[PDB]
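Protein chains in written order, with the numbering used here: chain U, 293 to 437; chain A, 293 to 437; chain L, 786 to 932.
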Amino acid sequence: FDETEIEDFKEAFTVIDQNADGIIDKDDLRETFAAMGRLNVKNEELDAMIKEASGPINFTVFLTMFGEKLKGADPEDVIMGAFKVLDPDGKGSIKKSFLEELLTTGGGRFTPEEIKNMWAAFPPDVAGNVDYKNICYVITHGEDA
Amino acid sequence: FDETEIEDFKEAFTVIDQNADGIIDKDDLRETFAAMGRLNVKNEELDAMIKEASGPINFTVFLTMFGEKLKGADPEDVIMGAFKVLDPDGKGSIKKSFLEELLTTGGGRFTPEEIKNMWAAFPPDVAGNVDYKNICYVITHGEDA
Amino acid sequence: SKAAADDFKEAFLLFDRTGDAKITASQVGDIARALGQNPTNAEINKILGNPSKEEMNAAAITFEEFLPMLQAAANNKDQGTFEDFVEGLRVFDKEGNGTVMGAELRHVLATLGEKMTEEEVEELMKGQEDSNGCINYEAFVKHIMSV
């Protein structure tokens, strides 16, 4: 965890903790979702978020919960560092079959089935290994941009 | 020591001296660490901080201890002054090999091994000598930002 | 002689990167220049070889060899006459005003005789040549003899 990433989680903690007392309760979760447009947010969704913690969601409990789910989270500059080492001549997005072979043949984390899931929402270019960069974006901030 | 840097150490001395009597004892160290989130701060860490002084930690003993550890501490504006003289055309971060050659070939403090340690937590850009400015930040205030 | 100038020994401690009080034979040319002596690089080369000293293999030094080599180079400072430096460049460009066109002095200083790198040539013209492309060598040779 770099310090600017921890400051981003402190700002997200303050936007969900609308009572500003330092502990995100279930009313803060529901009022942050209603301010984003969720008028139908069920109480069972709020209870499942609170069921991931052993205590009240203060800043260090929110940081330890996000730490334990993001144990391989990598910032965009280090993902582009590794993709610039995979394309060491610069500019070009690397081939689809080169990333499939190098993921498998180096590591067990790069096994195929997982490579079909990589192509599956990370579209073609991303999946193929040709573009580059959009995948670093969606690994640090999810969903389609 | 510029006077605003001495006022920053006076403000840090007042935040660690929670009894406000002018001398930071071991109880102040433990209660400042507990207010930052350190519930498990051992007494041996507090004793090792007090073992760096020959007397009680008043404001001038805290300033002389920090002076003797920071005998080459440079403010961010003077580090950016020197990096603007290394990049005299402005804007561009300077090359990795140019900073390695100029550190070694001018001075013994710029020897290589030390240059591998510079690249080692000061990441690539910083290490390489391309970016600039993030290294001035972390030399005046440590750890990842 | 001492006049025993002990600051030559203090400057040898500023050029020795290992702190063992020895200076390699490849640094001796530039340190004779930093002590106020301008021997040409062929002269520094000859003297070395003259004494069956090879600058091709690893070298160390001792102060006891560097002191007499600086004292053998110190007699040759009578070759530094500024009349011939300004008259050299006065024969290098037409008309009665001391101006070399930029690229004439840069290509001559890099390729004629003892090769100076184009990085060092740009560092010696920086400030004395403005955007007209004309180097005034009356002030240029004055500032080169100020160091």
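Heads up, the beta-carbon is just placed ideally off N, CA and C, and yes, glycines get one too.
- Cβ proximity to chain A below 7 Å picks out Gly373 from the segment 360-377 of chain U.
- For the C-beta of A:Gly400, the chain L residues within less than 9 Å are, from N- to C-terminus, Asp801, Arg802, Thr803 and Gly804.
- Within the segment 380-405 of chain A, no residue has its Cβ closer than 7 Å to any Cβ of chain U.
- Straight-line measurement puts the Cα of U:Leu331 at about 18 Å from the Cα of U:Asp317.
- Contact note: A:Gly329 reaches chain U through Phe351 and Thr352, using a C-beta cutoff of 9 Å and chain order.
- Across the structure, L:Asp878 and L:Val871 are spaced so that their CA atoms are roughly 11 Å apart.
- Neighbourhood of U:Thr324 in chain A, by CB distance below 9 Å: empty, with the nearest CB roughly 24 Å away.
- If you look at L:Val885, you'll find it in the beta strand (DSSP E) that goes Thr884 to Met886.
- Identification of chain U residues near A:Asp436 by a Cβ-Cβ cut-off of 7 Å yields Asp294 and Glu295, ordered along the chain.
- According to the DSSP secondary-structure assignment, L:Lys911 is paired through a beta bridge with L:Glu914.
- C-alpha of A:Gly364 to C-alpha of A:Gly420: approximately 22 Å in a straight line.
- Residues of the segment 413-429 of chain A that bring their beta carbon within less than 7 Å of a beta carbon in chain U comprise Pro416, in sequence order.
- Judged by beta-carbon spacing, U:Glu295 lies within the 8 Å limit of A:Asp436, meaning their Cβ atoms are closer than that value.
- Each residue's CA atom was taken as its position, placing U:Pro348 and A:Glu323 some 22 Å apart.
- When C-alpha distances from L:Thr884 are compared across L:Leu874, L:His892, L:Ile846 and L:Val893, the shortest belongs to L:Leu874.
- In this structure, the beta-carbon distance from L:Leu798 to L:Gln822 does not fall below 8 Å.
- When rounded, the separation of the alpha-carbon atoms in U:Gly399 and A:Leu362 is 45 Å.
- Three or more pairs of CB atoms, one per stretch, sit closer than 8 Å, so the segment 883-897 of chain L contacts the segment 920-927 of chain L.
- Three or more Cβ pairs closer than 8 Å define a contact, and the segment 836-852 of chain L meets that threshold against the segment 804-821 of chain L.
- For U:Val418 and U:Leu378, the gap between their C-alpha atoms comes out near 14 Å.
- In this structure, L:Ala819 and L:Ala790 do not form a Cβ contact; the two beta carbons are roughly 13 Å apart against a cut-off of 8 Å.
- Taking all protein chains in view, the Cβ of U:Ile427 is crowded by 16 or more other Cβ atoms within 10 Å, so the residue is classified as buried.
- Straight across, the Cα-Cα distance linking A:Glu368 with A:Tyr429 is about 6 Å.
- Annotation: A:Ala345 to A:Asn409 spans about 29 Å, alpha carbon to alpha carbon.
- Between A:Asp320 and A:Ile308, the beta carbon gap of about 6 Å places them in contact (Cβ cut-off 8 Å).
- L:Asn823 sits in coil when the DSSP states are folded into three classes, being neither helix nor strand.
- The Cβ atoms of U:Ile431 and U:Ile386 lie no closer than 8 Å to each other.
- Cβ contact annotation for L:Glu907 (same chain, cutoff 8 Å, sequence separation greater than five): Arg891, in chain order.
- Judged by DSSP secondary structure, A:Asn426 falls within the alpha helix (DSSP H) whose first and last residues are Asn426 to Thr432.
- In the three-state reduction of the DSSP assignment, A:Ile349 falls in the strand class, which pools E and B.
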